[PDB]
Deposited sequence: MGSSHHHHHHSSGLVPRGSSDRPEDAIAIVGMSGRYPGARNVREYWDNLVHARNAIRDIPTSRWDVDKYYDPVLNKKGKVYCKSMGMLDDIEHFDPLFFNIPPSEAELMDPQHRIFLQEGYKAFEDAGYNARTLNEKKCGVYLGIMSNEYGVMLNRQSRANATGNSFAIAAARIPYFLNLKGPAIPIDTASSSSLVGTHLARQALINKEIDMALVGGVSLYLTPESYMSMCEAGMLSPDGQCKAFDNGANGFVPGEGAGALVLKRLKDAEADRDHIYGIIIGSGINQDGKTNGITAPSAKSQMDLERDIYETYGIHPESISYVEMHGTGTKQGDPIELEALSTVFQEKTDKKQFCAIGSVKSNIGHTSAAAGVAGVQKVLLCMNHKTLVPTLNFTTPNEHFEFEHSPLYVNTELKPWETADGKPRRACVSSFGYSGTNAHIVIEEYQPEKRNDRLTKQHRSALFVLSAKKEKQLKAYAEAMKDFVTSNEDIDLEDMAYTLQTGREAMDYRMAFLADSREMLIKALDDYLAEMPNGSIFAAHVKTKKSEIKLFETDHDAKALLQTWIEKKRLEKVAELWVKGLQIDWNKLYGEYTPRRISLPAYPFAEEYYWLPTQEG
């Protein structure tokens, strides 16, 4: 039936994580910049009549990777497509977002469905196949569901979502990691203009000035489970997928042109199959690429389908994050899904950009649809969960559309760890920022997530806190190296002898067990940082807190490029 989204991670232009993404959306920020000479010299390719677009939504630090984290030799990292490297990182972080770690993922039947559509690095070099890109995560984490790359161009990551959903519903897998990654490394690729790109370097989605898209870069991942499992497992749930479908354009006027009729059939068939009335939908993240003949076709299709079922007018807001970040290609679907989930979580709609005058080939006034350009509350009537759709159409003519529904659910000991001390310090910084930004964080849920939803790695710190202010101060003291008697820290490999007593003696174990049961947190903390395995479940009696989303591992930022 319903598929829960239980974890997410993303990296988009202007946004290193989904928190910065949300902040950028709320503030109507546009991330598109001129391409710098550190990528390639646009002057050497630019002609106005060659490339006619000089702009891109670009990711920062595409060369950065933490190969040692993944048991990969540094020299092999230079030979790996950065698409692979960046997805490996984001995919891993999505699992940590959900509160799953290597131990809890080991041997899981988790499918991996990866949207990917380009091979620039591998060519520049003359390991880098799409097959291997999709398999890196399963190899690392010892997953056992199928690992399949999907290249249906810009619908890839939504196609992958559809396949994962079907596999989950058929019980062939028990979890999925779905995602997409796109980079534009070369003037040659990004180039293919084919007439596709905007000379102004903006996706003017829905606007009469729409004249092509601006390429964008990105990487994102979602972790999916059947809703009944997610509820039994006490996952945190961002939203639910309640319908999806894929089809083809078939014969169009040129193989890259869209089909109104296919888009209508796709949407109608989904809504009929899954019993979804268009009146119940209040937002659609459109494919919305800002192409002159594409945009009106999309609007007219969707509008027509909605109007078959209702006479209600201007009840469904439409937008496209491509107006913020550009066209992120194989990652486009996952970027749109994330935007929708964030909007649902905060009960807020955010502006779509670059919209001055409606496209002349479509009349909005008598449409179910309207273009939302305002930051505003996402209102819903009565009890009802919010619902939204996401569309993603590819140049090869394979289309996808999904429907998402809002999910409506019925002293603490803080521990942190990393593979290197420098990354522990970066972790503490990330947590301090997060807590600073999130004044309402539930401290007991946060601690419980750090205890049970993160792997205990070799460099450790821990401390007690009963409030946000105390928590912030401990992290500050840790970072400033300023003495604080409630902060503990150690490198596990250095403390083996100091812990052995509690691992082998029967009365020591019984005293440790008693300590954990009577919540003697200072004692548990000192021993944990030294490497002692703590049975965290024993800390909790009648009441067990819940896993929540927290910042995920701060990878080492080591540069690797062509050998």
{"property": "Gaps in the model (deposited sequence, numbered from 1)", "result": "1-24, 74-78, 156-163, 231-232, 450-460, 614-617"}
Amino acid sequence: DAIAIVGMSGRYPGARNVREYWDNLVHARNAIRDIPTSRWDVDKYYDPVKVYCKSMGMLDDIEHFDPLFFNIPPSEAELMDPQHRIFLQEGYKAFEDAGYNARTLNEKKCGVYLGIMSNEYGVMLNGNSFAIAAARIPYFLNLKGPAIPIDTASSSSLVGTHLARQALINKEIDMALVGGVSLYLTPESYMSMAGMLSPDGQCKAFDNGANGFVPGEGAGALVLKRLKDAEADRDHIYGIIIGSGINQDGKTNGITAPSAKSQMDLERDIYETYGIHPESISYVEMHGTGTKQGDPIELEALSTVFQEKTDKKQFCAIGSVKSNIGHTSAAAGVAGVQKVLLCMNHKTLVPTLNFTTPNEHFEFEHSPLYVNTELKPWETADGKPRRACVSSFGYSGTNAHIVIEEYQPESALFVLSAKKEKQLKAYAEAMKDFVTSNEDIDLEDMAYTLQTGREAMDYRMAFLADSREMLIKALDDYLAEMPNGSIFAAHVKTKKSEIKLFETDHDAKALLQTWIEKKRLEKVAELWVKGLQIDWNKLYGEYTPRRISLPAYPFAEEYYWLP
From here on, numbers count along this sequence of modelled residues.
{"item": "Residue range whose averaged C-alpha B-factor is higher in the record, 358-366 or 451-459", "value": "358-366"}
{"item": "Of 8-16 and 535-543, the one with larger mean CA B-factor", "value": "535-543"}
{"item": "Maximum C-alpha temperature factor, selected from 324, 396, 486, 155", "value": "486"}
{"item": "Cα B factor band for residue 379 (lowest, middle or highest third within the chain)", "value": "highest"}
{"item": "Third of the chain, ranked by Cα B-factor, where residue 66 sits", "value": "lowest"}
{"item": "Third assignment of residue 99 from its chain's C-alpha B-factors", "value": "middle"}
{"item": "CA B-factor placement of residue 428, once the chain's modelled residues are sorted into thirds", "value": "middle"}
{"item": "Where the record places residue 204 (Cα B-factor, split into thirds across the chain)", "value": "highest"}
